[PDB]
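Student: Protein chains in written order, with UniProt numbering: chain S, 10 to 225; chain X, 10 to 225; chain B, 10 to 225; chain L, 10 to 225; chain A, 10 to 225.
We put the beta carbon where it would ideally sit given N, CA and C, even for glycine.
Dumping the structure here so I can ask a few things about it.
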Amino acid sequence: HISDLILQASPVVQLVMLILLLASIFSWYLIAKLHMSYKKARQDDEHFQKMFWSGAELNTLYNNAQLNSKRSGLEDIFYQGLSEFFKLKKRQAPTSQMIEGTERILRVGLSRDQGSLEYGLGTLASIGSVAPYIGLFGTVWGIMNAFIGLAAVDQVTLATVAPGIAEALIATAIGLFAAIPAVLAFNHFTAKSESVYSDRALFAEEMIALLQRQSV
Amino acid sequence: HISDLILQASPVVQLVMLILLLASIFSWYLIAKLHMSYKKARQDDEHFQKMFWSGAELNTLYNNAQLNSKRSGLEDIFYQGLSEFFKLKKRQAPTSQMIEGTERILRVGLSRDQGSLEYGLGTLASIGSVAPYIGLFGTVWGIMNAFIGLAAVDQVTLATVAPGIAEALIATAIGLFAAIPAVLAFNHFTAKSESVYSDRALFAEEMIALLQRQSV
Amino acid sequence: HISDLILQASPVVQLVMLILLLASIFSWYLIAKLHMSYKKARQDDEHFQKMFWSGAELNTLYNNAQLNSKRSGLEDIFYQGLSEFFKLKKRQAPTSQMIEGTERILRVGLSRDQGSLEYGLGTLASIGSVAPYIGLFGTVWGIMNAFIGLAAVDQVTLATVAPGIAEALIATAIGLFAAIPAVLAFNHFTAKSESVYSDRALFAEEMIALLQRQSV
Amino acid sequence: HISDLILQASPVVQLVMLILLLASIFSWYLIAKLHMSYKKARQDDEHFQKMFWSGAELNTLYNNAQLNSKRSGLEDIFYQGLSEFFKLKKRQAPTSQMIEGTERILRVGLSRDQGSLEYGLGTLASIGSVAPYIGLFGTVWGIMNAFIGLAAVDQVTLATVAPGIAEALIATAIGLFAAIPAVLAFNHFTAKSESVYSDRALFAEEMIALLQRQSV
Amino acid sequence: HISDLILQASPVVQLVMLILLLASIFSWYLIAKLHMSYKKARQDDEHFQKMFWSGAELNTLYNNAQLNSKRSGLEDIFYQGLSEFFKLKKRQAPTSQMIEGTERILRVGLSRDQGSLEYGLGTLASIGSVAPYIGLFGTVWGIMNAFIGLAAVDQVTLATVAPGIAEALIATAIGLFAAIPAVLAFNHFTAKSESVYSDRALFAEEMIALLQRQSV
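Written as structure tokens, this is what we have:
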């Protein structure tokens, strides 16, 4: 029956209800994209991180990464890091400089891949914050195309207004239904984003340490 | 018909409705200015960034920038950066100092052009936050020039109050309509602003690296 | 007529309405003080900043500042900065130290004059945040000295309650009227405060640069 | 009697009420886990911190920690710290480096154990923020399966709607009851988390100081 | 008369009203403790700060502090600072190190006494944020032990419900009355806390400067 009400409403409330059902649908597409992105990230980070803290030397690891054309996440942040370090050593620079250099070009890798994991995470924040109040605008337009209507009729039976009051609440309900899934995913992926940054940041620190020692 | 109601209302609610329709109109002007500013920024950043990471040497690039009187964005941040570096080298200073110097005067370029991209972005935050509650003040004044009125009449027909209740909801609706476009643009341009800062910041880091190597 | 209602209300709602009309009046006094403070700041910053980047040498500028007893803003932050630098050089310290020193005692000038521009800016944040909800407390007390009253009367005519419902809405209206001017000035002066800090901070950086070069 | 209402409601409001009673129950499980985690942390920190600032030398303490397989919190952050310091000294590196090294690998211990104390603290923030508005969605669905119903009946007795209005308010009440215990524990454990970070951070600083002196 | 209503209410609303009157009372106790703590702090800071920038040498000041067993605030932060500096100099360490050392052990004094001024300041933030919504839960329980009641009676006189609607609003009023004094003191003491940190931080910077000069 609810389907019927949405079909037979003021043009304005109907546009609010499309703006919001599209926000709902886009929310859900982003929540699928962000979930895939942050599962690939977590998986490849564990794979590389394991292999790096496995016996095989830095040089060995660097060889493989250079060979792979599918370098992604930590593996690419590592390749870009050591690429700098090897490129400097060849120019017989001081260790102090070599480390400082390699530590700049992998803060310029852990920040240029955070940006590409958090693809839609800001949109979900908007959808989540605005959408409730797009709904509310629909509600107010609805309650205000009752009372504007009520004046005209001979008799103010509650039954006169009520069909119009419903078509208001529908819009605020749709508003809350667009907004809730998108503030339980701007919350869950903002968390997963800080986890992955921290995991990779602490791996970067621990890789630096290795290089300083392997130097002296 | 709605037009009619706004025309025939209490002086106070009418002033709330002008304060808000002007906020709406100014929001929209800022949302056009910010959109132009951040598209020129993104376009010129890609152009320069491409050309810099193209084969041509630093000196070549510096020549062109000095020639151009339309220096804007990264190109001006670069000119001001290297201008410092060339100005120091001529005073036979230590490399360490030369880099530190050039790295200060282009943190004093990526921060004195962020401020000029984000022209109106703070206004949109105000319009977006306050305007809902300017509307609400209109609503309350409206519901309170019903009930104050209701007392006077012989008979409290719902039909008596309803024309006055509408002219309240209109103000809260206009309030939400000023405020929604300006919290979907204090959200979208705050994002585009952090993108452009990060893009230019990471370009600054990568330019520093080049200079350190080209030194030793 | 509205004046009449405020005069003839429950003692509690009347105290809410004084607490709020005083917040309104104090808001407005602070919004005048903050506006004067941040216009003098912006004016003197441009004057000094112009004169400094004018031809005249550091020593010349330092002379004048020492002479003036009305040293304020950048001019005092500069005097305190160079005063350190001159005081060190006389103790034949290393350039490196001289700069580091002068750069500490003018981060201890750009932070001990930010605090004195932002005189009342935190109060406006309170007035702006609380005052809506002081009003709401008045509203609830009002709606709750209707219904508590309604029980007593022989006949529940809407006309019985309505004079009491109004005197509630008045309090929430006054609440919104205290709070709106003080969240469009905790927004506008927080902005002007960050502008002046940034302007003076970037001037401090550019003054440091001069001193480092004038050293070597 | 309340039990009866929840049993006899629209399928949708019933699902809102399960989503929320589960959030309530999970909140409470997390509030128990976080309380155990932060009491063990506070207890072991005091034990170690006491013993460290007790007479016994660093070497003595390091011996014991290496022996213990139950190393947790400060004791493990200390073992990982000194392990670096001892590992460097053996490679006859400069004191300056030894300290810098040991100070990196215990910022990579106070940050990889903060993450494991704050196990569920982010969930409580979600439950606390969303759950009120899941409830509200239930409320609106409820008020909107009254009015949609009201139209149908011959007579609009208040008594007709009221049984349906209740089953709405139940959902917003359950919504507030899920959300309040979880914003008085995302507040209380965010506090206890910053306490434990600060306590351990300041212990790390004071341990560094000891090592620098014991060096020279 | 109001007293009567609170006495004759549903067990649940009565528990909400005790939870909130206790929050009110605890708020007020904390607002007294925080006010004493931050007046002693401000007073002793001015006393010491005056005496330090008075003629008497560092050594003189250090003597007195060592003598006093009532060392508190800046005076203790200073004693702990110089205690480090004197303890290093005796171990004939380089000036550079002596300053760095003394500057670490008084960032580990301005942060271990901020924590002890801000005793209850976080509680006031909770009371202030939650308490409104504890009240609202009481309100909803109240409006929902009207309508659940309304069904039963033969006749739905407004006069039937109204005694029950009041006992709801009382709870939201008490809710706002717990919460307002505690967001005008989590605002006023968060401010006074940042003032005292800044005052002491800038004193620490200015003390460091003295030591560096008195060294060379």
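With distances taken from CA atoms, which of B/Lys-96, B/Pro-141 and B/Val-117 is nearest B/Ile-189?
Tutor: Translated into positions along the third sequence, residue 189 of chain B becomes position 180. It is B/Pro-141.
Student: Indicate whether A/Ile-183 and A/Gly-144 have their beta-carbon atoms separated by less than 7 Å.
Tutor: The count along the fifth sequence starts at 1 and reaches residue 183 of chain A at position 174. The count along the fifth sequence starts at 1 and reaches residue 144 of chain A at position 135. In this structure, A/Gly-144 lies closer than 7 Å to A/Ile-183 by Cβ.
Student: Is the distance from the Cβ of L/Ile-86 to the Cβ of L/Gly-124 below 7 Å?
Tutor: Within the fourth sequence, residue 86 of chain L is the residue found at index 77, counting from 1. Within the fourth sequence, residue 124 of chain L is the residue found at index 115, counting from 1. Not in contact: L/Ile-86 and L/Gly-124 (Cβ atoms no closer than 7 Å).
Student: So with CB distances below 7 Å, who are the chain B contacts of X/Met-153?
Tutor: Looking up residue 153 of chain X in the second sequence gives position 144. Within 7 Å Cβ-Cβ: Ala-175, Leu-178, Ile-179 and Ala-182.
Student: Is there at least one Cβ from chain L nearer than 7 Å to A/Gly-131's Cβ?
Tutor: In the fifth sequence, the residue the question calls residue 131 of chain A occupies position 122. Judged by the 7 Å Cβ criterion, A/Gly-131 is in contact with chain L.
Student: Spatial neighbours of X/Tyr-47 within its chain, please: C-beta separation below 8 Å, excluding the five flanking residues on both sides.
Tutor: The residue labelled residue 47 of chain X in the question sits at position 38 within the second sequence. Closer than 8 Å at Cβ, skipping near neighbours: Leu-126, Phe-198, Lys-201, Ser-202 and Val-205.
Student: May I ask you to list, following chain order, the residues of the segment 205-221 of chain L that have a beta carbon less than 8 Å from some beta carbon of chain A?
Tutor: The segment 205-221 of chain L vs chain A, Cβ under 8 Å: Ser-207, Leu-211, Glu-214, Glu-215, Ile-217, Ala-218 and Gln-221.
Student: Is X/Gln-164 helix, strand or coil when you go by DSSP?
Tutor: Indexing the second sequence from 1 puts residue 164 of chain X at position 155. X/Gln-164 falls in the coil class under three-state DSSP.
Student: Taking the alpha-carbon positions, what's the S/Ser-135 to S/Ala-187 distance?
Tutor: Within the first sequence, numbered from 1, the residue matching residue 135 of chain S stands at position 126. Within the first sequence, numbered from 1, the residue matching residue 187 of chain S stands at position 178. Going by the C-alpha atoms only, they are around 11 Å apart.
Student: Between the segment 108-130 of chain A and chain L, which residues of the former have CB atoms less than 7 Å from a CB of the latter, in chain order?
Tutor: Flagged, chain order: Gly-110, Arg-113, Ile-114, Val-117, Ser-120, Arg-121 and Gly-124.
Student: Whose C-beta lies closer than 8 Å to the C-beta of A/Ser-138 among residues of the same chain, with five residues either side of it excluded?
Tutor: Start at 1 with the first residue of the fifth sequence, and residue 138 of chain A comes out as number 129. Within the same chain, A/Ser-138 has close Cβ partners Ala-188 and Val-192.
Student: Given that a residue counts as buried once 16 or more other Cβ atoms are within 10 Å of its Cβ, and exposed if not, what is A/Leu-31?
Tutor: As a position in the fifth sequence, residue 31 of chain A is number 22, starting the count at 1. Result: exposed.
Student: Is there at least one Cβ from chain A nearer than 7 Å to L/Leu-67's Cβ?
Tutor: Indexing the fourth sequence from 1 puts residue 67 of chain L at position 58. No, because no Cβ of chain A sits closer than 7 Å to the Cβ of L/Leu-67.
Student: Report the residue from S/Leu-133, S/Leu-220, S/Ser-207 and S/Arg-121 whose alpha carbon sits nearest the alpha carbon of X/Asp-208.
Tutor: Position 199 of the second sequence, counted from the first residue, corresponds to residue 208 of chain X. Checked all of S/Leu-133, S/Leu-220, S/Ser-207 and S/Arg-121; the closest Cα to X/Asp-208 is S/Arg-121.
Student: When you compare the CB positions of B/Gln-89 and B/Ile-114, do they come within less than 7 Å of one another, or not?
Tutor: As a position in the third sequence, residue 89 of chain B is number 80, starting the count at 1. As a position in the third sequence, residue 114 of chain B is number 105, starting the count at 1. In this structure, B/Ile-114 lies closer than 7 Å to B/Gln-89 by Cβ.
Student: Using CA coordinates, which residue listed in B/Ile-34, B/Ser-105 and B/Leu-159 is at the minimum distance from B/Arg-222?
Tutor: Looking up residue 222 of chain B in the third sequence gives position 213. Here the closest residue by C-alpha is B/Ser-105.
Student: Once DSSP output is grouped into helix, strand and coil, what is the label at X/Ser-81?
Tutor: Along the second sequence, one-based indexing puts residue 81 of chain X at 72. Reduced to three states, the DSSP call for X/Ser-81 is coil.
Student: Is the distance from the Cβ of B/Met-26 to the Cβ of B/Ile-15 below 7 Å?
Tutor: Working through the third sequence from its first residue, we reach residue 26 of chain B at position 17. Working through the third sequence from its first residue, we reach residue 15 of chain B at position 6. Going by C-beta atoms, B/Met-26 is nearer than 7 Å to B/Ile-15.
Student: Give the residues of chain L in contact with S/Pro-172, contact being defined as C-beta atoms less than 7 Å apart.
Tutor: Walking along the first sequence from the start, residue 172 of chain S turns up at place 163. In chain order: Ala-160.
Student: Rounding to the nearest angstrom, what Cα-Cα distance links X/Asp-53 and X/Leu-83 in this structure?
Tutor: Reading the second sequence from its first residue, position 44 is the one you call residue 53 of chain X. Reading the second sequence from its first residue, position 74 is the one you call residue 83 of chain X. Distance between the alpha carbons of X/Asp-53 and X/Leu-83 is about 8 Å.
Student: Could you tell me the boundaries of the alpha helix (DSSP H) in which S/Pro-141 lies?
Tutor: In the first sequence, the residue the question calls residue 141 of chain S occupies position 132. That run of the alpha helix (DSSP H) goes 130-152.
Student: Answer with yes or no whether the minimum CB distance from S/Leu-167 to chain L is below 7 Å.
Tutor: Position 158 of the first sequence holds residue 167 of chain S. S/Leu-167 counts as touching chain L.
Student: Check the Cβ of B/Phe-186 against every Cβ in chain X and list those closer than 9 Å, keeping chain order.
Tutor: As a first step, residue 186 of chain B is located in the third sequence; it is residue number 177 there, counting from the start. Here the neighbours are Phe-146.
Student: How should S/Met-153 be labelled, buried or exposed, when 16 other C-beta atoms within 10 angstroms of its C-beta is the threshold for buried?
Tutor: Within the first sequence, the letter at position 144 stands for residue 153 of chain S. Buried, because 16 or more other Cβ atoms sit within 10 Å of the Cβ of S/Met-153.
Student: Please report the straight-line C-alpha distance between A/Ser-78 and L/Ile-217, rounded to a whole angstrom.
Tutor: Within the fifth sequence, numbered from 1, the residue matching residue 78 of chain A stands at position 69. Within the fourth sequence, numbered from 1, the residue matching residue 217 of chain L stands at position 208. One C-alpha to the other measures close to 28 Å.
Student: Put S/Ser-224 into one of helix, strand or coil per three-state DSSP.
Tutor: Within the first sequence, residue 224 of chain S is the residue found at index 215, counting from 1. In this structure, S/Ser-224 counts as helix in the three-state DSSP scheme.
Student: Output yes if chain B places a C-beta closer than 7 Å to the C-beta of X/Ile-136; else output no.
Tutor: Position 127 of the second sequence, counting from 1, holds the residue named residue 136 of chain X. No, because no Cβ of chain B sits closer than 7 Å to the Cβ of X/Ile-136.
Student: Alpha carbon to alpha carbon, how far is B/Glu-66 from X/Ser-92? Give it in angstroms, no decimals.
Tutor: For this step, residue 92 of chain X is matched to residue 83 along the second sequence. For this step, residue 66 of chain B is matched to residue 57 along the third sequence. Using only the alpha carbons, I get a separation of about 21 Å.
Student: By how many angstroms is the C-alpha of S/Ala-171 removed from the C-alpha of S/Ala-18?
Tutor: Against the first sequence, residue 18 of chain S aligns to sequence position 9. Against the first sequence, residue 171 of chain S aligns to sequence position 162. Taking the straight line joining both Cα atoms gives about 13 Å.
Student: Can you tell me which of S/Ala-194, S/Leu-167, S/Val-149 and S/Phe-195 puts its alpha carbon nearest to the alpha carbon of X/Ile-174?
Tutor: By one-based count along the second sequence, residue 174 of chain X stands at place 165. Per the Cα distances, S/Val-149.
Student: For chain S, find out if any of its Cβ atoms is closer than 7 Å to the Cβ of X/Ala-191; answer yes or no.
Tutor: Sequence index remark: in the second sequence, residue 191 of chain X carries index 182 (1-based). Chain S contact via Cβ: absent.
Student: Rounded to whole angstroms, how far is the Cβ of X/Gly-129 from the Cβ of X/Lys-59, which I believe are closer than 8 Å?
Tutor: As a first step, residue 129 of chain X is located in the second sequence; it is residue number 120 there, counting from the start. As a first step, residue 59 of chain X is located in the second sequence; it is residue number 50 there, counting from the start. That belief does not hold up - the Cβ atoms of X/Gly-129 and X/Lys-59 are roughly 29 Å apart, past 8 Å.
Student: Beta-carbon of B/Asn-77 versus every beta-carbon of chain X: anything under 7 Å?
Tutor: The count along the third sequence starts at 1 and reaches residue 77 of chain B at position 68. Chain X contact via Cβ: absent.
Student: Are the beta-carbon atoms of A/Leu-39 and A/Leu-133 separated by less than 7 Å?
Tutor: Reading the fifth sequence from its first residue, position 30 is the one you call residue 39 of chain A. Reading the fifth sequence from its first residue, position 124 is the one you call residue 133 of chain A. Yes, these two residues count as a Cβ contact at 7 Å.
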